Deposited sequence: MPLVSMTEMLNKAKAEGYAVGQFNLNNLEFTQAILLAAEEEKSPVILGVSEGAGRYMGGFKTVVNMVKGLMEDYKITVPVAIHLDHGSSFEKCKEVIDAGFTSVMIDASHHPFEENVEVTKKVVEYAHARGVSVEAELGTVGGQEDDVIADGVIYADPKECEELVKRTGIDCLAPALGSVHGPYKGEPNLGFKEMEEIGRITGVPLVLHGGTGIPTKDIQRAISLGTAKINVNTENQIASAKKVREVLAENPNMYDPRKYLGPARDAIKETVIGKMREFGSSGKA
């Protein structure tokens, strides 16, 4: 029932000087872990879903249904967003919104600037009509880093009316950030900033990025690492184990503890 867009949690995070974690959904245990960490920490949270993840989990309707189910069964009170991560097209954002997502990222960063503005603006028109928040990216985040231009950032936000921006400034996916650019994209843009590739990034870079307008930090890989590591440990200690709950439960608890750590480091804990 507390399913919301990102707009308000991110605007209050920026004003108050903490960040909200986006933690990526890969399956049921992932979703459970993230929501339980959010409730335990009384922290706002963003449930990130890549196109790949949506597909692996069967579809976006299945994801929204599963989240609403857990939201009822665990009686979640904290603000919770369901956010399309790295939306590849307008059509993807529309499908995801029609499924009941509260938030979309449209990533046309690998396209020319003007062609990015066209599709990002189109997504903002569709989403804003439905109470859906919209994130956009300029520059390229590694997985291959191409820096975002602060005046390009200014123009994209003025032109589209997005609710937050993801300026690529050295961040990389999997396991050296431009605070000079980030600080004044923050000043020049006046919207909450999004930091991709959250895995690896030190508490010190995290807090400094917060200080200069980053209000959303994306974490996926850290949870995959903690979960797979716990699964390995439990299957190794118990070679006779076949009950999926007896090794995916521990993995869920590992994900939960990782996410709690991130929520405390970002300062979302106690802000719900």
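Visitor: So, counting the deposited sequence from position 1, which segments are absent from the coordinates?
Guide: Absent from the structure are positions 144 to 151, 184 to 188.
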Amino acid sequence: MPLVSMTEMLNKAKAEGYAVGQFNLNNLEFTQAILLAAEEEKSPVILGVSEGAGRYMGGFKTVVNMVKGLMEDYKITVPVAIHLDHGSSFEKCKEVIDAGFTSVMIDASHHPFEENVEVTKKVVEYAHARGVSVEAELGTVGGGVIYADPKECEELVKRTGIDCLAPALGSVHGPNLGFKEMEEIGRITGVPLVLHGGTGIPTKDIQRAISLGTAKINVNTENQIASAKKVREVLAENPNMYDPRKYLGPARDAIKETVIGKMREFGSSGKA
From here on, numbers count along this sequence of modelled residues.
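Visitor: Decide which of the stretches 49 to 57 and 202 to 210 has the higher mean C-alpha B-factor, going by the entry.
Guide: Mean C-alpha B-factor is greater for 202 to 210.
Visitor: Once you work out the mean C-alpha B-factor for both 165 to 173 and 119 to 127 from the entry, which is higher?
Guide: If you average the C-alpha B-factors of 119 to 127 and of 165 to 173, the larger mean comes out for 165 to 173.
Visitor: Could you say which of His110, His86, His83, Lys92 has its CA atom at the highest B factor, as listed in the PDB entry?
Guide: The C-alpha B-factor peaks, among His110, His86, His83, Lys92, at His110.
Visitor: Considering only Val132, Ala148, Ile76, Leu195, which residue's Cα atom bears the greatest B-factor as recorded?
Guide: Result of the comparison over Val132, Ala148, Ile76, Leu195: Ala148.
Visitor: Looking at the temperature factor on the CA atom of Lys229, which third of the chain's modelled residues does it land in?
Guide: Highest third.
Visitor: Using the temperature factors of the C-alpha atoms in this entry, rank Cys153 within its chain: lowest, middle or highest third.
Guide: Highest third.
Visitor: Of the three thirds of its chain by CA temperature factor, lowest, middle or highest, which one includes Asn240?
Guide: As the PDB entry reports it, the C-alpha B-factor of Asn240 lands in the highest third of its chain.
Visitor: Compare the C-alpha B factor of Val4 with those of the other modelled residues in its chain, then answer lowest, middle or highest third.
Guide: For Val4, the deposited C-alpha B-factor lands in the middle third.
Visitor: When the modelled residues of the chain are sorted by Cα temperature factor, does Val191 land in the lowest, middle or highest third?
Guide: Its C-alpha B-factor, which the entry lists for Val191, ranks in the middle third among residues of this chain.
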